[PDB]
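Everything below concerns the one structure shown next.
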Amino acid sequence: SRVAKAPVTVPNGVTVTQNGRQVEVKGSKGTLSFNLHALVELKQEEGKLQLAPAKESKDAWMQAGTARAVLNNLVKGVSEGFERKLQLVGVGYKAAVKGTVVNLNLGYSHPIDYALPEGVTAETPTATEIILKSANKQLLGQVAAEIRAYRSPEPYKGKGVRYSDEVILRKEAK
RNA sequence: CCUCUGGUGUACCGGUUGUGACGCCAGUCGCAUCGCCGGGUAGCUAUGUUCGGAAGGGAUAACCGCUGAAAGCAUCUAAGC
């Protein structure tokens, strides 16, 4: 359980407060919440944080490791946040951002308007690239996946919506 | 369901054959598959008319995922979604 053994350090501004099972993290970007499992327990000494099993059970160890990973991700999100920089590749494929709704022309008869969930932001340096920024890694990844679902990449020519840091399998007809 | 198009419609109207009768003519009636033939009001009816199988919401199958440890990596999963 090396991940669980490895502790996490508060940056400075963000503050973590535990009431009951619920745990709240307040930061410059925003406020986030988490639910602790029964077996794992948390102790905050200095800016350092420690999570350990209540019992030596392997279930408790794995839950403590998962809690450590989640809390580290939450701390990173509140301190800085994350960006996903999705990209669209094709001919005639375009995108734009207006308010909280992103309008995409992806080769279908009708343009697709996607309403971003609260807590995420989108900007468009170019019609072929969208930058999605958020403090919640899980929600941000979910939104990115939903957007890419509309037109995921196709193998023969690579047309569609692709993550830049993704390997596209390529195939040739006949 | 019967406004329209039709069918039927032996208590509605008419044309006509044989015979009998009402004293006779004229005019009528009975019987002959409603004697036979031509139409036909309401009602019932289809082949006639109108309408319907919508659109939505929740959970979910195969499948596709997000984040994530066991197992420093990886992983749709054991937590969560």
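Because only heavy atoms are used, hydrogens play no part in the values below, and waters and symmetry mates are left out as well, while side chains stay in. In the text below, chain A, chain B and the rest are named by the order of the sequence lines, each starting its count at 1.
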For this session: Test side-chain contact (heavy atoms from CB on, under 4.5 Å) on A/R21 and A/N35 and set out the steps.
Result: CA-CA 6 Å; A/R21 286 288 79 178; A/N35 283 15; 5.9 Å; no
Problem set entry | side-chain contact (heavy atoms from CB on, under 4.5 Å) between A/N105 and A/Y93, worked out | CA-CA 6 Å; A/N105 299 8; A/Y93 285 44; over 6 Å; no
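Put simply, A/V120 and A/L74 are part of two different groups of oily side chains (I, L, V, M, F, W, Y) that touch within less than 4.5 Å, one to the next. Under the 4.5 Å side-chain heavy-atom criterion for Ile, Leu, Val, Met, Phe, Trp and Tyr, A/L132 and A/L139 are members of the same hydrophobic cluster. Residues A/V101 and A/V97 fall into different hydrophobic clusters, defined by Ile, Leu, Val, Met, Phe, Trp and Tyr side chains chained together at heavy-atom separations under 4.5 Å. Residues A/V143 and A/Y163 share a single hydrophobic cluster, defined by chaining ILVMFWY side chains whose heavy atoms lie under 4.5 Å apart. When the side chains of ILVMFWY residues are joined at heavy-atom separations under 4.5 Å, either directly or via intervening members, A/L32 and A/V10 end up in a single hydrophobic cluster.
A/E80 CD: 12 or fewer foreign heavy atoms inside a 6.0 Å radius.
Using a 4.5 Å cut-off on side-chain heavy atoms (C-beta onward), A/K76 and A/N73 make no contact.
Under the 3.5 Å distance criterion, the side-chain polar atoms of A/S134 are matched with a main-chain donor or acceptor of A/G119. Under the 3.5 Å distance criterion, the side-chain polar atoms of A/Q87 are left unmatched by any main-chain donor or acceptor of A/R162.
What you find for A/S33 and A/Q22 is that their closest heavy atoms are OG-OE1, 3.7 Å. The heavy-atom pair separating A/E41 from A/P53 by the smallest distance is OE2-N, 4.1 Å.
Checked for salt-bridge contact, A/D165 and A/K85 meet the test: a charged N lies under 4.0 Å from a carboxylate O.
Evaluation of the side-chain hydrogen bond (donor to acceptor under 3.5 Å, both in side chains) rule for A/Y114 yields A/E146 as partners, not counting sequence neighbours.
A cation-pi arrangement, defined by a distance under 6.0 Å to the six-membered ring centre and an angle within 45 degrees of its axis, is present between A/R151 and A/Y108.
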